[PDB]
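Down below is the structure, laid out as structure tokens.
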Amino acid sequence: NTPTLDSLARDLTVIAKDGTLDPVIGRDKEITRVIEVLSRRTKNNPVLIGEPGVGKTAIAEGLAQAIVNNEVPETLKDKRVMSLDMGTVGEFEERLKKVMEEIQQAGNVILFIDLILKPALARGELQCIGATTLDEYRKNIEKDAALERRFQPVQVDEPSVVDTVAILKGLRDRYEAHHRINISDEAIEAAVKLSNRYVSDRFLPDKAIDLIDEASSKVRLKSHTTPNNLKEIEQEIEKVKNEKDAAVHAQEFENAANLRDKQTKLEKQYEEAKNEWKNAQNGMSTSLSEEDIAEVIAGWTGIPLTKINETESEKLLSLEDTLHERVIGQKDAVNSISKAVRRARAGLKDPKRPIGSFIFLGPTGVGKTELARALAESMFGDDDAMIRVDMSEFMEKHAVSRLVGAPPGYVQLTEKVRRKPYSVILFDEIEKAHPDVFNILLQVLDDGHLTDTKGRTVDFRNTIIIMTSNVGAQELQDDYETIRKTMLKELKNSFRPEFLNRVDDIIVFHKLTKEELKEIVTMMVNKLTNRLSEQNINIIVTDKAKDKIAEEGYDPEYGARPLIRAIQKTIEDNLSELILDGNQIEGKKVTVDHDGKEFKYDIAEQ
Amino acid sequence: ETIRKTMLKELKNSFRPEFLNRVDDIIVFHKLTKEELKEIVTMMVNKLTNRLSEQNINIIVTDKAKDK
């Protein structure tokens, strides 16, 4: 009976034996592993280790409901599992000691900790099920040999891609009887595809079950709107009732009969209208379309509906146009990277290894930063989803212990990539870095996944690794294929030949000509005009002024970087003064024309 | 512009180049010449006179005394 154990902990098996709980499906392997570990004589107290809120606590939930159906083995049969919170517990340890004593000699009750009682677990008398993560298990359970040898290191695996589809199909009818909304077949797969792509902080299985509930509630609320048919009668009924009530207290019964008759007629008409309205709605079924989930998911991360509507069919075909729209110049280096990415998506490249692997050479500010920023927007859909990790200040011995994570005992890249696995990692100035850093980088391109000191394993499948090096820039300043071949020897001389075997292509940036800066200036002018779209301001620059301003601040060493400041100090300085002069111009079209001596800002109207 | 360019390379040599890209403009001050110091003393005298508005005291300093 174990009366002492039941007075200090909550038995989760009794509540789950009623059959009213939801079916915890998808943990096929975890339940079998836990049963095998518990039934064995050695390491009879396995501890569940996994990520927080990814199935670490949901794995033990399904085992309690399987006791009634006798789905466990013979050794694990007729056993009750109690889930006790770690925050419950001299006076504090008395409850734990009483629970351990009443369960050590019995063996029919297994306690749980949300990893004194060390002797009970070491001898296998009492079975303990852990619920901590990998970092806690490797620091407490692995600290002592007796605790480590008596605890099976079980891992709580999360649901697979196809596991969630079956769970959603099985519980599809449950929501139809609650929200009165018919669920189609394509909605389940659309939701399970969108959750695995956009949602990355909750993982499976708790990212898909709650995704369709919001869409069903939204469509239920939208389908019950009144099309200006019921309120127009309800207001009349309310006002007639109020008028009759006012006359009742006024001792005026002459109009009371007429008011009551009118109210009865209005009630009959409202009942007929309600019946005819409810008959039409129930005729058809409100199936959940694929756009409903997209609309709900667009409001959480700001992703436009156009990006969600793409099914990875036309994105590859329009990749070159998107890349060339924001970056103008050196089309050889732009079209080269657009062909090496589509080939890897077919299956020609290992999925674990990163797909994006290119080396950028040349001075900064020529357009490399803009291309790097636009690549993430064109591929993923987010422009700010970039983790820029420089190596300028990583010249110390402890530089390798910073990006890999915080070692146990002390007070970066892994933490940032865990929350946003779909991002582009940039390593600026890779030619000047500590030698210990390259060891971590080699494993990324070779293996594909890393592991920090806390035991968490991070994946780099859908990641792009681009390293920027300054080698080869001095030779160029003193055909694209010939230049790439000539710079390949210089690149291989400086770095290790083994590290360069995982790079697909080498990108070398050339020197922009005079005719290529005019389009960049035009793009900057268009970007400036688009910013002021809320104030309805039309900005146009003539071709004569662009040529004059292009060479005003041209710098061969930097490139187009000083051009931004030149445009800001030339065009915007005069534009701001006119706006600040009591709204001199509003809803007009200002044309900037240069006569060769001074920039005459002509003021016109649209 | 030449002074700003010469100072920018020295500033970016010690710091990170990416951190300086978000800065709008770099402000570099100059030295103080002999003629600039006279107006500083004049401004200080005017501020001191304004400080004594409650007592209505008129303070005037000749140009000979300011230079010394």
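Simple scheme: letters A, B, ... for chains in structure tokens order, numbers from 1 for residues in each chain, numbers from 1 for ligands in the order shown.
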
Fill in: Residue hits in chain A, query chain B, radius 12 Å, only C-alpha atoms, as number ranges by chain
A: 364-365, 369, 388-394, 428-429, 553, 555, 558, 561-562, 564-566, 568-569

Discussion item. Need the shell around residue 82 in chain A: protein/DNA/RNA residues with any atom at most 12 Å away, counting only C-alpha atoms. Skip same-chain ones fewer than 2 positions apart. Format as an NGL selection string?
Written reply: :A and (5-16 or 60-61 or 63-64 or 79-80 or 84-85 or 99 or 103 or 108-114 or 127-130)

Just to be explicit: take each residue in the selection above, keep N, CA, C and O atoms, and write the result as a compact mmCIF listing (two decimals), in the first residue's frame.
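Saved the output as out-v7.txt:
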```txt
# COMPACT_ATOMS: atom_id res chain seq x y z
N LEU A 5 4.57 6.70 1.41
CA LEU A 5 4.95 7.28 0.12
C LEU A 5 3.84 8.15 -0.46
O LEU A 5 4.14 9.15 -1.13
N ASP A 6 2.58 7.80 -0.23
CA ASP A 6 1.46 8.56 -0.77
C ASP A 6 1.19 9.84 0.00
O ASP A 6 0.44 10.69 -0.49
N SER A 7 1.78 10.00 1.18
CA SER A 7 1.58 11.20 1.99
C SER A 7 2.63 12.27 1.74
O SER A 7 2.58 13.33 2.38
N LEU A 8 3.57 12.04 0.82
CA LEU A 8 4.61 13.01 0.52
C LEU A 8 4.78 13.31 -0.96
O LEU A 8 5.58 14.18 -1.30
N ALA A 9 4.06 12.63 -1.85
CA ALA A 9 4.18 12.86 -3.28
C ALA A 9 2.83 12.61 -3.94
O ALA A 9 1.96 11.95 -3.39
N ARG A 10 2.68 13.16 -5.14
CA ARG A 10 1.46 13.02 -5.92
C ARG A 10 1.61 11.87 -6.91
O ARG A 10 2.56 11.85 -7.70
N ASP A 11 0.68 10.93 -6.86
CA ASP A 11 0.71 9.77 -7.74
C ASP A 11 0.07 10.13 -9.07
O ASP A 11 -1.15 10.32 -9.16
N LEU A 12 0.89 10.24 -10.12
CA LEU A 12 0.38 10.57 -11.44
C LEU A 12 -0.29 9.39 -12.13
O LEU A 12 -1.05 9.60 -13.08
N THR A 13 -0.03 8.17 -11.68
CA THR A 13 -0.64 6.99 -12.28
C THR A 13 -2.13 6.88 -12.00
O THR A 13 -2.88 6.42 -12.87
N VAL A 14 -2.57 7.29 -10.81
CA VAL A 14 -3.99 7.20 -10.47
C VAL A 14 -4.83 8.13 -11.33
O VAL A 14 -5.91 7.75 -11.79
N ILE A 15 -4.36 9.36 -11.55
CA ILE A 15 -5.12 10.31 -12.36
C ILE A 15 -5.17 9.89 -13.82
O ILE A 15 -6.19 10.07 -14.49
N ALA A 16 -4.08 9.31 -14.34
CA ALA A 16 -4.03 8.90 -15.74
C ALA A 16 -4.73 7.57 -15.99
O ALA A 16 -4.88 7.19 -17.16
N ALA A 60 7.21 10.54 -20.10
CA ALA A 60 6.70 9.76 -18.98
C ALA A 60 5.18 9.80 -18.86
O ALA A 60 4.61 8.96 -18.17
N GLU A 61 4.52 10.76 -19.52
CA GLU A 61 3.07 10.84 -19.46
C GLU A 61 2.39 9.65 -20.13
O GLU A 61 1.37 9.16 -19.63
N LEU A 63 3.49 6.57 -20.43
CA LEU A 63 3.70 5.30 -19.74
C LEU A 63 2.64 5.03 -18.68
O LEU A 63 2.28 3.87 -18.47
N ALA A 64 2.13 6.07 -18.01
CA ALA A 64 1.12 5.89 -16.98
C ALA A 64 -0.20 5.39 -17.56
O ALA A 64 -0.86 4.55 -16.94
N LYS A 79 2.56 -1.88 -11.72
CA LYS A 79 3.43 -0.90 -11.09
C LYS A 79 2.86 0.49 -11.29
O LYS A 79 2.38 0.82 -12.38
N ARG A 80 2.93 1.30 -10.24
CA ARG A 80 2.42 2.67 -10.27
C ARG A 80 3.59 3.64 -10.28
O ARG A 80 4.51 3.53 -9.46
N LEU A 84 6.77 13.31 -8.95
CA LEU A 84 6.94 14.25 -7.86
C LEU A 84 7.81 15.42 -8.29
O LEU A 84 8.89 15.22 -8.86
N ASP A 85 7.35 16.63 -8.02
CA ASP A 85 8.10 17.82 -8.37
C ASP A 85 9.35 17.95 -7.51
O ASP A 85 9.37 17.58 -6.33
N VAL A 99 9.20 8.73 1.83
CA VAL A 99 8.81 8.19 0.54
C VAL A 99 9.77 7.09 0.09
O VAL A 99 9.33 6.05 -0.42
N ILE A 103 8.99 2.75 -0.28
CA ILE A 103 9.04 2.27 -1.66
C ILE A 103 10.24 1.37 -1.92
O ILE A 103 10.24 0.63 -2.91
N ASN A 108 6.62 -1.76 -5.75
CA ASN A 108 5.46 -1.57 -6.61
C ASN A 108 5.21 -0.10 -6.94
O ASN A 108 4.29 0.19 -7.71
N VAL A 109 5.99 0.81 -6.38
CA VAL A 109 5.85 2.24 -6.63
C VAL A 109 7.21 2.79 -7.03
O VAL A 109 8.21 2.54 -6.36
N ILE A 110 7.24 3.55 -8.13
CA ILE A 110 8.46 4.15 -8.64
C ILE A 110 8.29 5.66 -8.57
O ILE A 110 7.35 6.22 -9.17
N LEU A 111 9.18 6.33 -7.85
CA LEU A 111 9.12 7.77 -7.71
C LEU A 111 9.81 8.45 -8.89
O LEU A 111 10.55 7.84 -9.66
N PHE A 112 9.53 9.75 -9.04
CA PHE A 112 10.13 10.55 -10.10
C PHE A 112 10.58 11.88 -9.53
O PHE A 112 10.01 12.39 -8.56
N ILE A 113 11.62 12.44 -10.14
CA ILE A 113 12.19 13.72 -9.73
C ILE A 113 12.16 14.65 -10.94
O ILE A 113 12.64 14.29 -12.02
N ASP A 114 11.61 15.85 -10.75
CA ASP A 114 11.52 16.83 -11.82
C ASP A 114 12.87 17.50 -12.06
O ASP A 114 13.72 16.97 -12.77
N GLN A 127 12.91 2.57 -7.73
CA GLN A 127 13.13 3.05 -9.09
C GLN A 127 12.83 4.54 -9.16
O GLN A 127 11.75 4.98 -8.76
N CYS A 128 13.79 5.31 -9.67
CA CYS A 128 13.66 6.75 -9.82
C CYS A 128 13.77 7.12 -11.29
O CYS A 128 14.69 6.67 -11.98
N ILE A 129 12.83 7.93 -11.76
CA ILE A 129 12.80 8.38 -13.15
C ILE A 129 13.16 9.86 -13.16
O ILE A 129 12.43 10.70 -12.62
N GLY A 130 14.30 10.19 -13.78
CA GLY A 130 14.73 11.57 -13.85
C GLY A 130 13.98 12.36 -14.91
O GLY A 130 13.39 11.81 -15.84
```

Step one, run DSSP on the backbone; step two, keep only residues of chain B assigned to helix (DSSP H, G or I); then write them as a compact mmCIF listing (two decimals) with C-alpha atoms, in the first residue's frame.
```txt
# COMPACT_ATOMS: atom_id res chain seq x y z
CA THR B 2 41.61 64.75 -45.30
CA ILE B 3 41.83 65.07 -41.51
CA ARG B 4 38.68 62.97 -41.09
CA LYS B 5 40.06 60.28 -43.41
CA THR B 6 43.41 60.20 -41.60
CA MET B 7 41.69 59.93 -38.21
CA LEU B 8 39.20 57.27 -39.37
CA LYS B 9 41.92 54.76 -40.28
CA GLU B 10 43.53 55.17 -36.85
CA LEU B 11 40.14 54.86 -35.13
CA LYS B 12 39.26 51.68 -37.04
CA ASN B 13 42.72 50.14 -36.52
CA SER B 14 42.00 49.56 -32.81
CA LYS B 34 44.94 83.43 -30.05
CA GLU B 35 41.94 85.23 -31.56
CA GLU B 36 39.54 82.51 -30.38
CA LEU B 37 40.53 82.89 -26.72
CA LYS B 38 39.42 86.54 -26.49
CA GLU B 39 35.81 85.64 -27.27
CA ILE B 40 35.93 82.88 -24.63
CA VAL B 41 36.91 85.46 -22.01
CA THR B 42 34.20 87.81 -23.31
CA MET B 43 31.61 85.02 -22.99
CA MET B 44 32.79 84.24 -19.46
CA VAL B 45 32.51 87.92 -18.49
CA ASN B 46 29.01 88.10 -19.98
CA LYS B 47 27.96 84.94 -18.12
CA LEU B 48 29.34 86.33 -14.85
CA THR B 49 27.42 89.57 -15.43
CA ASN B 50 24.24 87.58 -16.11
CA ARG B 51 24.86 85.66 -12.87
CA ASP B 63 40.16 94.66 -24.78
CA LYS B 64 43.63 95.27 -23.29
CA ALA B 65 42.83 93.33 -20.11
CA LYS B 66 41.33 90.36 -21.97
CA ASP B 67 44.48 89.72 -24.03
```

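Minimum atom-to-atom distance to residue 211 in chain A, evaluated using only C-alpha atoms, belongs to A:196 out of A:468, A:196, A:477, A:462.
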
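Omitting residue 116 in chain A and its sequence neighbours fewer than 4 positions away, and counting only C-alpha atoms, the residues within 9 Å are residues 93, 96, 97, 100 and 120 of chain A.
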
Near residue 287 in chain A, within 6 Å and counting only C-alpha atoms, which residues show up once chain neighbours fewer than 3 positions away are dropped, as a PDB file with C-alpha atoms, in the first residue's frame?
```pdb
ATOM      1  CA  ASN A 182     -14.833  20.682 -40.532  1.00  0.00           C
ATOM      2  CA  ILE A 183     -11.128  19.883 -40.958  1.00  0.00           C
ATOM      3  CA  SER A 184      -9.860  18.836 -44.382  1.00  0.00           C
TER       4      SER A 184
END
```

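For residue 260 in chain A, the residues within 8 Å (counting only C-alpha atoms, excluding itself and residues fewer than 4 positions away along the chain) are residues 244, 256 and 264 of chain A.
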
Practice prompt. Go through range 328-556 of chain A and collect every residue that DSSP, computed from the backbone, puts in strand (DSSP E); the answer should be as JSON, numbers by chain.
Written response: {"A": [356, 357, 358, 359, 360, 361, 386, 387, 388, 424, 425, 426, 427, 428, 449, 450, 451, 457, 458, 459, 464, 465, 466, 467, 468, 469, 505, 506, 507, 508, 538, 539, 540, 541]}

Fill in: Nearest residue to residue 502 in chain A from the set A:209, A:134, A:24, A:355 (distances using only C-alpha atoms)
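Closest candidate: A:355.
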
Discussion item. I'd like the contact shell of residue 288 in chain A - 9 Å cut-off, only C-alpha atoms, skipping same-chain residues fewer than 5 positions apart - returned as a ChimeraX atom specification.
Written reply: /A:181-187,215-216,219,293

Response to the item:
Min atom-atom distance to residue 312 in chain A from the set A:378, A:463, A:591, A:275, counting only C-alpha atoms, belongs to A:378

As a short mmCIF file (atom, residue, chain, number, x, y, z; two decimals) with N, CA and C atoms, in the first residue's frame, please: the residues near residue 551 in chain A (cut-off 12 Å, only C-alpha atoms, same-chain neighbours under 2 positions excluded).
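Output saved as part14.cif:
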```cif
data_model
loop_
_atom_site.label_atom_id
_atom_site.label_comp_id
_atom_site.auth_asym_id
_atom_site.auth_seq_id
_atom_site.Cartn_x
_atom_site.Cartn_y
_atom_site.Cartn_z
N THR A 513 33.46 49.61 -62.26
CA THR A 513 33.80 50.62 -63.25
C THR A 513 32.93 51.86 -63.04
N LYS A 514 33.15 52.88 -63.88
CA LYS A 514 32.40 54.12 -63.75
C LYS A 514 30.93 53.95 -64.12
N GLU A 515 30.63 53.13 -65.12
CA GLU A 515 29.25 52.95 -65.56
C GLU A 515 28.43 52.08 -64.63
N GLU A 516 29.07 51.37 -63.69
CA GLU A 516 28.33 50.52 -62.76
C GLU A 516 27.87 51.27 -61.52
N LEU A 517 28.50 52.41 -61.20
CA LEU A 517 28.10 53.19 -60.03
C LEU A 517 26.82 53.98 -60.27
N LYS A 518 26.49 54.28 -61.52
CA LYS A 518 25.27 55.03 -61.81
C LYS A 518 24.02 54.25 -61.39
N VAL A 521 23.76 54.33 -57.62
CA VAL A 521 23.22 55.62 -57.19
C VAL A 521 21.72 55.68 -57.43
N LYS A 544 22.31 63.68 -65.36
CA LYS A 544 23.47 64.56 -65.30
C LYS A 544 24.02 64.69 -63.89
N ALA A 545 23.14 64.80 -62.89
CA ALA A 545 23.58 64.91 -61.51
C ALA A 545 24.22 63.62 -61.00
N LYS A 546 23.70 62.46 -61.41
CA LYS A 546 24.26 61.19 -60.97
C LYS A 546 25.70 61.00 -61.42
N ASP A 547 26.01 61.34 -62.67
CA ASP A 547 27.38 61.25 -63.16
C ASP A 547 28.31 62.21 -62.42
N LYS A 548 27.85 63.43 -62.15
CA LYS A 548 28.66 64.40 -61.42
C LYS A 548 28.93 63.94 -59.99
N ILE A 549 27.92 63.37 -59.32
CA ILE A 549 28.08 62.96 -57.93
C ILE A 549 28.77 61.62 -57.78
N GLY A 553 33.02 61.55 -54.83
CA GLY A 553 33.61 60.88 -53.68
C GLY A 553 34.01 59.44 -53.97
N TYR A 554 34.49 59.18 -55.18
CA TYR A 554 34.91 57.84 -55.56
C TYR A 554 36.24 57.50 -54.89
N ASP A 555 36.30 56.32 -54.29
CA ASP A 555 37.51 55.83 -53.64
C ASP A 555 37.82 54.44 -54.16
N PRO A 556 38.91 54.26 -54.92
CA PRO A 556 39.24 52.92 -55.43
C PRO A 556 39.48 51.89 -54.34
N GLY A 559 35.49 51.60 -52.34
CA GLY A 559 34.47 51.24 -53.31
C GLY A 559 33.26 52.15 -53.26
N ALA A 560 32.09 51.56 -53.02
CA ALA A 560 30.84 52.32 -52.97
C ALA A 560 30.46 52.75 -51.57
N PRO A 562 31.95 55.11 -49.49
CA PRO A 562 31.86 56.58 -49.37
C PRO A 562 30.73 57.19 -50.18
N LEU A 563 30.21 56.48 -51.18
CA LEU A 563 29.11 57.00 -51.99
C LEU A 563 27.84 57.20 -51.18
N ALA A 566 28.35 60.42 -49.37
CA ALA A 566 28.29 61.52 -50.33
C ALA A 566 26.86 61.84 -50.73
N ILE A 567 26.06 60.81 -51.02
CA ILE A 567 24.66 61.03 -51.36
C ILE A 567 23.91 61.65 -50.19
#
```
